Enquirer: 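Below is one structure. I have some questions about it.
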Amino acid sequence: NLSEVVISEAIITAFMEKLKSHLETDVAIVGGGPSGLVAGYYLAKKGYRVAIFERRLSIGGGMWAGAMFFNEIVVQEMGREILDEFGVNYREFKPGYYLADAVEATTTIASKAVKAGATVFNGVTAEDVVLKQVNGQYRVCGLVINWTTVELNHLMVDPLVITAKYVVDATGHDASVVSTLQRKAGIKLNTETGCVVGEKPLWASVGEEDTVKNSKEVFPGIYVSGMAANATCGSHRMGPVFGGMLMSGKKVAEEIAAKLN
Amino acid sequence: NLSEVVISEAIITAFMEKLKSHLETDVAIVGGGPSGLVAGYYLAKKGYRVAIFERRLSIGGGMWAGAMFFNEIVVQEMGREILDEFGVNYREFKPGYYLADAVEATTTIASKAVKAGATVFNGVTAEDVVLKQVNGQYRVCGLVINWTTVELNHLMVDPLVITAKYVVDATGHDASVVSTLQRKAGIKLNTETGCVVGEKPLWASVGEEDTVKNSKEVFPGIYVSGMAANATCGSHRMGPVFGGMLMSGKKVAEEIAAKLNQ
Amino acid sequence: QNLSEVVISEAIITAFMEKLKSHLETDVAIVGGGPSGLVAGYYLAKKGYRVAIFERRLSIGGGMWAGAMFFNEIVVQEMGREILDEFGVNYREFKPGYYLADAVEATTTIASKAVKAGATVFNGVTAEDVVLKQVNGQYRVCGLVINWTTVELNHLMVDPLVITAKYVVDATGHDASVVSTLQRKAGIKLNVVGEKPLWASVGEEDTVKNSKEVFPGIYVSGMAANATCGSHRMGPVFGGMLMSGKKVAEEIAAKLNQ
Amino acid sequence: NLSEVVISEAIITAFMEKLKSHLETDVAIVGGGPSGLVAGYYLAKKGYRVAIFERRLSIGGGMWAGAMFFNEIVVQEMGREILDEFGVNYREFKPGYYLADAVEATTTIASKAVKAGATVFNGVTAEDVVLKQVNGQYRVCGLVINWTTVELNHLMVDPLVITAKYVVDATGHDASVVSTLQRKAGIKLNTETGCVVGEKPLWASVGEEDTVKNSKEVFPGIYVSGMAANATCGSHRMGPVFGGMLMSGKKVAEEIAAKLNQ
Amino acid sequence: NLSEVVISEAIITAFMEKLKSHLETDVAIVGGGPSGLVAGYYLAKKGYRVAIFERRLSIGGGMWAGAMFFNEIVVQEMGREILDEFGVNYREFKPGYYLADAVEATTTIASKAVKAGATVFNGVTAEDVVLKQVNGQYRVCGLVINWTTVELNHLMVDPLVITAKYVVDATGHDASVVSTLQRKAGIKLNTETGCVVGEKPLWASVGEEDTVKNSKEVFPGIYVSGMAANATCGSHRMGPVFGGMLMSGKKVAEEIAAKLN
Amino acid sequence: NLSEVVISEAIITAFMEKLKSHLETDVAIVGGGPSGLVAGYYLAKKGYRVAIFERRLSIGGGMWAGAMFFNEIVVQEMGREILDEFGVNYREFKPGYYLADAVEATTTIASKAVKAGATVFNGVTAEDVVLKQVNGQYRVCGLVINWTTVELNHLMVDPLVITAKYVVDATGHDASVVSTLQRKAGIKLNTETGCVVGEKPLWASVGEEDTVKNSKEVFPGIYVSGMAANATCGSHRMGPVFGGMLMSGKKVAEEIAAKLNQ
Ligand SMILES: C/C(=N\CC(=O)O)C(=O)[C@H](O)COP(=O)(O)OP(=O)(O)OC[C@H]1O[C@@H](n2cnc3c(N)ncnc32)[C@H](O)[C@@H]1O
Ligand SMILES: C/C(=N\CC(=O)O)C(=O)[C@H](O)COP(=O)(O)OP(=O)(O)OC[C@H]1O[C@@H](n2cnc3c(N)ncnc32)[C@H](O)[C@@H]1O
Ligand SMILES: C/C(=N\CC(=O)O)C(=O)[C@H](O)COP(=O)(O)OP(=O)(O)OC[C@H]1O[C@@H](n2cnc3c(N)ncnc32)[C@H](O)[C@@H]1O
Ligand SMILES: C/C(=N\CC(=O)O)C(=O)[C@H](O)COP(=O)(O)OP(=O)(O)OC[C@H]1O[C@@H](n2cnc3c(N)ncnc32)[C@H](O)[C@@H]1O
Ligand SMILES: C/C(=N\CC(=O)O)C(=O)[C@H](O)COP(=O)(O)OP(=O)(O)OC[C@H]1O[C@@H](n2cnc3c(N)ncnc32)[C@H](O)[C@@H]1O
Ligand SMILES: C/C(=N\CC(=O)O)C(=O)[C@H](O)COP(=O)(O)OP(=O)(O)OC[C@H]1O[C@@H](n2cnc3c(N)ncnc32)[C@H](O)[C@@H]1O
Ligand SMILES: [Fe+3]
Ligand SMILES: [Fe+3]
Ligand SMILES: [Fe+3]
Ligand SMILES: [Fe+3]
Ligand SMILES: [Fe+3]
Ligand SMILES: [Fe+3]
């Protein structure tokens, strides 16, 4: 009736066509938090080929838990309009403050992002970042990837190499991909200074306005996004308001779409 | 421009409301894996007040990773119609076998269940049931819940309690809730031995057949579905095919739905 | 200032030694400074018995600090309400029969009166075993085998010291650590079945009924009593925790007047 | 008779209102040791609204254990008068040296501080400050809080934010709050340098001297008390003598109470 | 000059043809210790299709370290003739006692086994064992496999299913595959009793003679081998003499080859 | 039939002999990865007394798992001839690119190196060098070795010492031996900074080119090869292509071989 082997063969064949397929993508996003997912949504909407490389088996990052396990997220008016196209239900709590359910937003955003074409590879840690000289200087043009698993158990397993036109570090507070660039290649970042400055303490107002503005190309071929943008640029954090996180992924997507012409 | 205080007010206030309004529910489901989520969808879609208590911050259980991190999940025709009530796109590989992306399927089923009214509490462990004499019967009457971090770190933190009319143990392989029921209370389960028998080795054809059959009331007030059904009744596991797990959830919600219109 | 480091060290050492040596023989040795153990030690010391409490944590209070799920509130019903009044714990009637208390104020106030009342606390100290001596023709618990908690955690080859008591109180909570041990290592029999799932009404009746001398010389109090007399727990209602501690203290004080 | 869902809802309701009514506070104390509790008592005595955020499930910091598990604390004359304001029994060892039972000192100070209105939240780590440019000046205006377990287990759970007119670092040797303030802001503190200098070795005379003197506003909006003050300003540690910790706490409360009438 | 992607594509394509290939093997050996490797050698020599599933990234099991890190192994006369076809150098220490270098024997055995055709999948834990009814009763006819990694980090990752005509539990002291059969299916083993009896304390003489004799089909479709044979049958261990381990893998191979007709 | 005593005698006696006869060697190689093994082969094949000290019980380094547990290793034409001195079978995938099974290649290279006379000590950490003044020069003169379990468990166990005429740091990415050389002794290495520079991000064409170039003497008496060469000199890593690593080992053995016929 039901062959164990057709099933293994099917799982094996599909994943590995899928991974051969994305050995070249236009945009490789690192981190499947909100900003990573929203960026990959819009880029997959505009038709580009988008891979998302997520350290944990699940996507969603720090949105699942809300604040202190109280799984309600807040967005202001900027980002409320992003809860709209993904279709996230929200009611108004006070003028300019829109509550949503943390689980609903995360799964709906993530479902629409993968349905738009963005491939997800979960369990995969972006380890380092391919940089070569292409007509002139050093340019980031790919990712070094391994199983998260391998990383933390400290196993001598060699990585695989994904190549891309643009990398988005949507990796959260730790900004680990641009940190790793910065540290291993010795370069300078477009941050003034030329380093991962480290995120400043909390101020919701300045914090979110800066997240949108910090979402830029800090080195040729690599964009920060979401909370890595505030870590890289040395701006304030904003607590559990997620409007700036969603907005950031949209900004990095349309801007990368702009250069992709 | 923004009051950090207002964001904090709104989160504390909202979650407080969500928790209070589910201290008494029709159906408390334990575990947001494939089968637990589908049961919550259909139970909500039929208009019942449902809460889901999930140990990890992210729902989806063993289904994120397809098999061996190879992001694909196979279903056969049985769960292939379940994949259409949710809008999970798929292709077939060979006749009768279907492939969906594991992440799309997990998040899509997840989204539509919580949109139907399934209220998800993540980072919450169900650690015991409420066991209480009804008309001359011990009956599972609800759950004893704590934060997962309290169990993990062995912190002396007392749990809270919710009441439900039915509890669904959908905790996977662990069969976690019924296992606790049997040892702390010395009751018997509707199984060959009276106990959680434990799953047998792999046989995909019998395993998927026995999952919908074992998804049943095993003691007054509590169902098992999913891998927990096979683990409780002593049937074969099936491997990375998810048609049983999805069908399991629909079957249990319909049976509990019927029982609720007595 | 003129603070001799030598004098501060000598004081701390001299005082603790003499406190420690003066409780090598106590009337009642209580294991566990959670709610029942502290309340039992208050009521016994207020009656003028030498009570020693042995708490594995550096802090007392056990599981009362967190209320439920870190939500710092204690709910007490009829019985525990009037014990709160014995200790001076403020409260507030949510609905008739239910009284809310600050979980931190209850713990620290109960702890404070218990130790002011004469009950001596030894924190950081794990009761590891009991002393079984034959007395009057039967085996009987006659005190404790104690070590540093930190020797148990890091698995260190360090011997215990021995406390002598007329009665021992296992107020260890869900673990029923002392009677489980006695039972496991002697091949005795008690009156440890393990607790049952939650039924808070039988749970708070069953905690006071079950706080009894389950083997010569050793009472069980509080949650330890329910786990031993395999009954139902109760959740974040603390009334029977407070009442059983007073109950055990009355029983023990009565048997000690003979 | 005993309805567990009435119990559950009273706890969920009181606590989450206790938390909302301290999203706004006059003074947020981080650290429920002897210094942080004493400042909390004297501020609450004077009627100001006070929250104390405590990392462990219990308060008491390092006073529980005396020195080397020997449960005795030594105070001199300056601690001696503070023990009498609390009703802590003591005995005189050699002239000008008083020893109290360390369990009695910790639980009594704690009890009276909380009876006077100091609200305490356990299992809650202050992990960062709110920094706001107030009239052209960067000022500490609150705390970023999370559950302790979330930091231990490295969970991706966002914080809640409270707001305060004054923050007291009373985190003992670690000087946790002012330490993260400096490295993440890059600011400078009222010392010779910035950040925390780190404590010197031991010299009880100078160590106790300097605790009283270093309990200061080291940056607008945040004070340091107790050993965080010695650590921040780089003075000597005193041994297991707690006179300076208690007096440190009382100084910071009277100083902050002054500034709260301006 | 040198494309990062042809390299990833090559590693991806080859492994996954290789794993599609062995979704059916004649014999799936669990454990790449000496007995597992010697069995797969001879079965691959006789032309059968042999997969080896090894929990650790390296093969060799407990042979690498010799005894107490003193990396010299001993074989008696039985097994000396097995050091011959693999070509392991050995000098005679005393009549009937042949020393070999632990690293040399392990790598040479393992190289000749993989060169004979035995495929190795390392990092792969055999988790459970497919049993179905095939004309009559329950028969072991495959393996449930996952990444070792997954197992120990306790990650909810589903396994894959390999199907085979015969399974060899060459898994060492722990006999984990037949233990897992025995415990999950409730069956009885051909051991008298019907359980993993557990290995007896040490006696070199009886221990090694029993290893050869205990290497049998303890349940339809599954063979023990090497040190799992002594664990399953309740016989003595033999210390760091490895002659019986090598002999056992040969016996299980020619006997399984016999039934494969 | 058998004397357990005789087996134990023969193991203790044999290993004792093997250890003693290598307390003084021509070349002590640290690390039995791809590049370390190939260098030991060619150095033995040319008749020099070689010892290899490998931290783990199994040689082979990062090469067992090909890439991401996908058991295949790519080499280009450069290491494609190296694969023939050992008899590692391969196919080509696209022109100039070759695939060998990672397990066959690892064990085959390993077998032939130890058969050529390379004596392998596994479970042994090189933790320091011997540094000793020769004709008016500090020169690496040998190694300080301990059991890996002593380092892992932080046991107070003193090491032993071997002497060699050349030490080859082939410890992969860690560049473990030269890193210790630089910090404990304050020497400089033949590199841009004088220090272990650290590897740069990935560039497979330059990475493999720079590996044979950086496989050189970096301080009197010690070479680097393999990934340690790239890590010490600050070049690009290359990913899962092993032609540099094999060529690296042959180059270093030839250079050390020449230097040894001064
Ligand atoms: C608003 C806020 N903080 C404000 C405040 O604290 O005041 C938050 O914390 C938000 O969650 C931040 O949103 P954002 O999308 O920027 O990040 P996230 O949710 O933390 O997602 C990051 C993702 O990136 C993953 N990740 C990490 N590092 C790697 C790696 N090398 N390779 C692959 N993935 C990696 C990681 O698993 C995670 O899922
Ligand atoms: C097909 C298959 N196996 C076949 C095979 O192996 O051969 C699978 O693994 C499927 O994923 C099984 O799906 P199913 O929905 O039955 O279970 P799951 O995916 O493992 O999810 C169960 C959920 O329950 C959670 N959970 C556990 N215990 C508790 C607890 N006390 N309280 C709250 N939640 C808990 C747990 O985190 C998990 O998320
Ligand atoms: C009502 C309720 N639960 C209902 C429910 O969950 O459904 C509770 O949990 C209450 O907090 C229980 O109150 P109770 O006083 O019975 O127990 P507790 O708070 O856990 O205190 C036990 C004390 O005993 C300590 N302890 C443990 N074992 C030893 C040992 N061998 N030696 C010395 N001390 C030990 C331990 O650290 C602790 O302080
Ligand atoms: C006299 C002496 N030392 C002298 C010497 O060693 O020679 C002492 O140890 C005294 O006990 C010092 O008393 P003091 O009140 O200054 O500090 P403490 O007892 O150590 O308590 C600080 C409290 O602060 C808590 N805490 C820490 N960090 C955080 C954080 N980020 N957030 C929330 N709470 C936190 C922490 O759990 C602790 O309870
Ligand atoms: C002679 C002796 N002892 C005598 C004495 O002590 O007196 C020995 O220890 C010999 O090494 C035994 O040789 P043998 O080939 O029988 O076993 P081994 O060397 O221990 O190899 C077992 C292999 O099996 C592996 N393994 C384990 N369990 C699993 C699993 N579920 N799935 C996949 N692989 C697994 C494991 O990694 C290992 O490599
Ligand atoms: C191609 C590639 N990377 C490219 C990329 O990532 O992009 C690789 O990983 C290759 O495997 C590198 O081969 P190479 O022979 O250079 O190094 P390796 O395989 O990692 O082996 C080094 C050996 O050295 C061992 N070792 C470490 N440190 C010590 C120590 N102090 N003492 C004794 N041995 C030690 C260690 O166990 C290991 O076995
Ligand atoms: Fe590498
Ligand atoms: Fe409890
Ligand atoms: Fe002893
Ligand atoms: Fe955050
Ligand atoms: Fe499963
Ligand atoms: Fe030394």
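The sequence lines fix the lettering, A, B, ..., with proteins before strands; numbering per chain opens at 1. Every heavy atom of this structure was used, including side-chain atoms; hydrogens, water molecules and symmetry mates were not.
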Enquirer: Do E:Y48 and E:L260 have side-chain heavy atoms sitting under 4.5 Å apart?
Expert: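 When only atoms from C-beta onward are counted, E:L260 and E:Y48 do touch, with a gap below 4.5 Å.
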
Enquirer: Using only heavy-atom distances, determine whether the side chains of B:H236 and B:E199 contain a donor-acceptor pair under 3.5 Å.
Expert: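 Absent: no donor and acceptor within the cut-off.
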
Enquirer: Using 0.5 Å steps for rounding, measure from the OG atom of E:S205 to the CD atom of F:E4.
Expert: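 Rounded to the nearest 0.5 Å, the OG-CD separation comes out at 6.0 Å.
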
Enquirer: I need the E:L152 CG to A:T149 OG1 distance, nearest 0.5 Å.
Expert: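 Output value for this atom pair is 9.5 Å.
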
Enquirer: Can you see whether E:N230 engages E:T211 through a side-chain donor-acceptor pair at a distance of less than 3.5 angstrom?
Expert: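 E:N230 vs E:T211: donor-acceptor pair found between side chains.
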
Enquirer: If you compare all heavy atoms of B:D210 against all heavy atoms of B:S235, which two are closest, and at what distance to 0.1 Å?
Expert: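 For B:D210 and B:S235, the tightest heavy-atom pair comes out as OD2-OG, 3.3 Å.
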
Enquirer: Is there a side-chain contact between E:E192 and E:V197 (heavy atoms, below 4.5 Å)?
Expert: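 In short, these two side chains do not touch, never coming nearer than 4.5 Å.
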
Enquirer: Hey, does E:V168 have a side-chain heavy atom less than 4.5 Å from the side chain of E:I256?
Expert: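 Of all side-chain heavy-atom pairs linking E:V168 with E:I256, at least one is under 4.5 Å.
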
Enquirer: Provide the full list of salt bridge (charged side-chain N to carboxylate O under 4.0 Å, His left out) pairs with a residue in residues 107-125 of chain E, sequence neighbours left out, each pair given once.
Expert: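 As it turns out, the salt bridge (charged side-chain N to carboxylate O under 4.0 Å, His left out) pairs with a partner in residues 107-125 of chain E, which skip direct neighbours, are E:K115-F:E104.
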
Enquirer: Measuring from atom CZ of E:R183 to atom CG of E:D128, what distance do you get when rounded to the nearest 0.5 angstrom?
Expert: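 It comes to 8.0 Å.
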
Enquirer: Starting at CD1 of E:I109, measure out to CG of E:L83 and round the result to the nearest 0.5 Å.
Expert: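 It is 6.0 Å, given to the nearest 0.5 Å.
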
Enquirer: Does the side chain of E:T107 pick up a donor-acceptor pair with the side chain of F:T107 at under 3.5 Å?
Expert: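 There is no such pair (donor and acceptor under 3.5 Å, judged by atom type) between the side chains of E:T107 and F:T107.
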
Enquirer: Kindly assign one of parallel, tilted or perpendicular to the pair E:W147 and B:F70, based on the angle between their ring planes and the thresholds 30° and 60°.
Expert: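 E:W147 vs B:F70 ring planes: perpendicular.
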
Enquirer: Using every non-hydrogen atom in the two residues, find where E:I29 and E:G40 come nearest and quote the distance to one decimal.
Expert: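 Minimum heavy-atom separation between E:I29 and E:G40: CD1-CA, 4.3 Å.
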
Enquirer: Looking at E:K20 and E:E17, is any side-chain nitrogen of the basic one under 4.0 Å from a carboxylate oxygen of the acidic one?
Expert: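 Salt bridge: no.
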
Enquirer: Would E:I145 and E:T125 count as a side-chain contact (heavy atoms from CB on, under 4.5 Å) here? Give the steps.
Expert: CA-CA 6 Å; E:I145 59 157; E:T125 287; over 6 Å; no

Enquirer: Does E:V178 form a side-chain contact (heavy atoms from CB on, under 4.5 Å) with E:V218? I'd like the steps, not just the answer.
Expert: CA-CA 8 Å; E:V178 301; E:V218 302; 4.2 Å; yes

Enquirer: Check B:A67 against E:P159 and note the closest heavy-atom contact, atom names and distance.
Expert: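 That would be CB-O, 3.2 Å.
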
Enquirer: Under 3.5 Å, side chain of E:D169 to main-chain N/O of E:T171, donor-acceptor pair present?
Expert: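 Side chain of E:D169 to backbone of E:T171: a pair is present.
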
Enquirer: Within 45° of the axis and under 6.0 Å from the centre of the six-membered ring of E:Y166, does NZ or CZ of E:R139 qualify?
Expert: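 Satisfied, under 6.0 Å and within 45°.
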
Enquirer: Show the nearest heavy-atom pair for residues E:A116 and E:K45, with the distance to one decimal.
Expert: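 Residues E:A116 and E:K45, closest heavy atoms: CB-N, 4.3 Å.
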
Enquirer: Look at the side chain of E:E217 and the backbone N and O of E:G221, then say whether any donor-acceptor pair between them is shorter than 3.5 Å.
Expert: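 Yes; at least one donor-acceptor contact below 3.5 Å.
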
Enquirer: So, the side chain of E:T163 versus the backbone of E:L23: is there a donor-acceptor pair under 3.5 Å, distance only?
Expert: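 It does hold such a pair.
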
Enquirer: Is there side-chain contact between E:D174 and E:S179, with at least one heavy-atom pair below 4.5 Å?
Expert: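 They are not in side-chain contact.
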
Enquirer: Please lay out, stage by stage, how E:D101 and F:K18 fare under the test side-chain contact (heavy atoms from CB on, under 4.5 Å).
Expert: CA-CA 10 Å; E:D101 203 270; F:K18 203 167 78 175; 2.6 Å; yes

Enquirer: Search all heavy atoms of E:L43 against all heavy atoms of E:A253 and return the closest pair with its distance.
Expert: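 Answer, listing the atom of E:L43 first, then E:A253: CD2-O, 3.2 Å.
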
Enquirer: Should E:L160 and E:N146 count as side-chain neighbours, where that means a heavy-atom distance under 4.5 Å?
Expert: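 With C-beta onward as the side chain, the pair stays apart.
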
Enquirer: Is the gap between the ring centers of E:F86 and E:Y41 under 6.0 Å?
Expert: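 Yes, close enough.
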
Enquirer: Classify the ring geometry of F:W64 against E:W64: parallel below 30°, tilted from 30° to 60°, perpendicular beyond 60°.
Expert: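 The rings of F:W64 and E:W64 stand perpendicular, inter-plane angle above 60°.
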
Enquirer: What distance separates E:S248 OG from E:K216 NZ, expressed to the nearest 0.5 Å?
Expert: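 Answer rounded to 0.5 Å: 12.0 Å.
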
Enquirer: At their closest point, which heavy atom of E:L202 faces which heavy atom of E:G239, and how far apart are they?
Expert: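 Closest approach of E:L202 to E:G239: CD1-N, 3.2 Å.
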
Enquirer: Side chains of E:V241 and E:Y97, heavy atoms from C-beta outward: is any pair under 4.5 Å?
Expert: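 No, their side chains stay 4.5 Å or more apart.
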
Enquirer: Is the shortest distance from a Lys or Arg side-chain nitrogen in E:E255 or E:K251 to a carboxylate oxygen in the other one below 4.0 Å?
Expert: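 Salt bridge between E:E255 and E:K251, a charged N being under 4.0 Å from a carboxylate O: no.
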
Enquirer: Using only atom types and a distance under 3.5 Å, with no angle test, would you say the side chain of F:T148 pairs donor to acceptor with the backbone of F:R55?
Expert: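 Indeed, once roles are kept as given, a pair shorter than 3.5 Å links the two residues.
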
Enquirer: Can you tell me how far CD of E:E72 sits from CE of F:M16, rounded to the nearest 0.5 angstrom?
Expert: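 The distance works out to 11.5 Å.
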
Enquirer: Test side-chain contact (heavy atoms from CB on, under 4.5 Å) on F:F15 and E:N71; report intermediate values, then the result.
Expert: CA-CA 7 Å; F:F15 180 82; E:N71 46 358; 3.1 Å; yes

Enquirer: Taking everything shown except E:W203 itself, do over 12 heavy atoms lie less than 6.0 Å from its CH2?
Expert: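 Not more than 12 within 6.0 Å, no.
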
